[PDB]
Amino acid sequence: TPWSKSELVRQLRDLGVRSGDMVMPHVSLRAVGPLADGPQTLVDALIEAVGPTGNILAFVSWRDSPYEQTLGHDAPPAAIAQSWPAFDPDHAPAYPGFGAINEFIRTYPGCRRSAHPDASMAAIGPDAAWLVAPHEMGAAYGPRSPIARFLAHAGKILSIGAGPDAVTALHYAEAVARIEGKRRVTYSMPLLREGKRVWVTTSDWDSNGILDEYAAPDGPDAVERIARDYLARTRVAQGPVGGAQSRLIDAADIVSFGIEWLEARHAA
């Protein structure tokens, strides 16, 4: 029997999602199981559990981000620079690798999209506009980004069948941690400004490994190692959403744990 919206809403209530909550979901749809009306059933259940006063924040990114094509260069390669489409936040589809649910969240009516092409976030709720802006190049996940305002606004991380590597909010901990040898990257993004395509080159913290030992491909990063340690030492509400196992995590608490975790292991 495919899961109905109402069943999902009640499981989300059992897990601890309250009216008015600020929630960031990481969803594996395969672990959830079949839904009454496909992935939209889970989106509707999230909106309903969070209520008319709550908020959803999702890391959707961009399907056609020229990250690899421009990473390491002082300027976009000529072939890339002439033909690559500019980031249109109203029509650019989400990145499928971060979850198939994100394209349904971003096309939901009233959803707002942040301006960062590679680190794009989508928000639904009365505080959506406050969440998504500003989001500038050079502040992907660090202070002054949507994740920062999410952390200050009692955000909860809702992992539905996702692994510990999926906690996007922990990249904030990498940004602010006082440790030596933090890796940075340089890449270019095509932005749409006053109707016109403009290429912008910036540098930011390497979101694929803040230090060399976490940048390996094979290859657990700092985010996964922090999350595994956290989940082994912390009481966290656990339960099923659909057929997937889910955890509701206090975002400020795990980020705070991540800063101490990184700073205890690497001198300043």
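Each residue number is its position in the shown sequence, starting from 1.
Student: Take the C-alpha B-factors listed in the entry for 89-97 and for 119-127, compute each mean, and give the stretch with the larger one.
Tutor: According to the entry, 89-97 carries the higher average C-alpha B-factor.
Student: Could you check the entry and say whether 258-266 or 2-10 has the higher mean CA B-factor?
Tutor: If you average the C-alpha B-factors of 258-266 and of 2-10, the larger mean comes out for 2-10.
Student: In terms of recorded Cα temperature factor, pick the maximum from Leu57, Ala222, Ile47, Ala216.
Tutor: Result of the comparison over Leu57, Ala222, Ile47, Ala216: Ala216.
Student: Maximum C-alpha temperature factor per the entry, among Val167, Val198, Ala139, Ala148, belongs to which one?
Tutor: Most elevated C-alpha B-factor of the set, per the entry: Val198.
Student: Based on the entry's values, in what third of the chain does the Cα temperature factor of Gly163 lie: lowest, middle or highest?
Tutor: For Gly163, the deposited C-alpha B-factor lands in the middle third.
Student: Can you work out whether the C-alpha temperature factor of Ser114 puts it in the lowest, middle or highest third of the chain?
Tutor: As the PDB entry reports it, the C-alpha B-factor of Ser114 lands in the middle third of its chain.
Student: How does the C-alpha B factor of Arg30 compare with the rest of the chain: lowest, middle or highest third?
Tutor: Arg30: CA B-factor falls in the highest third of its chain.
Student: Select lowest, middle or highest to describe the third in which the CA B-factor of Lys156 falls within its chain in this entry.
Tutor: CA B-factor rank for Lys156: lowest third.
Student: Among the chain's modelled residues, which third holds the C-alpha B-factor of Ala237?
Tutor: Lowest third - that is where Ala237 ends up once the chain's C-alpha B-factors are sorted.
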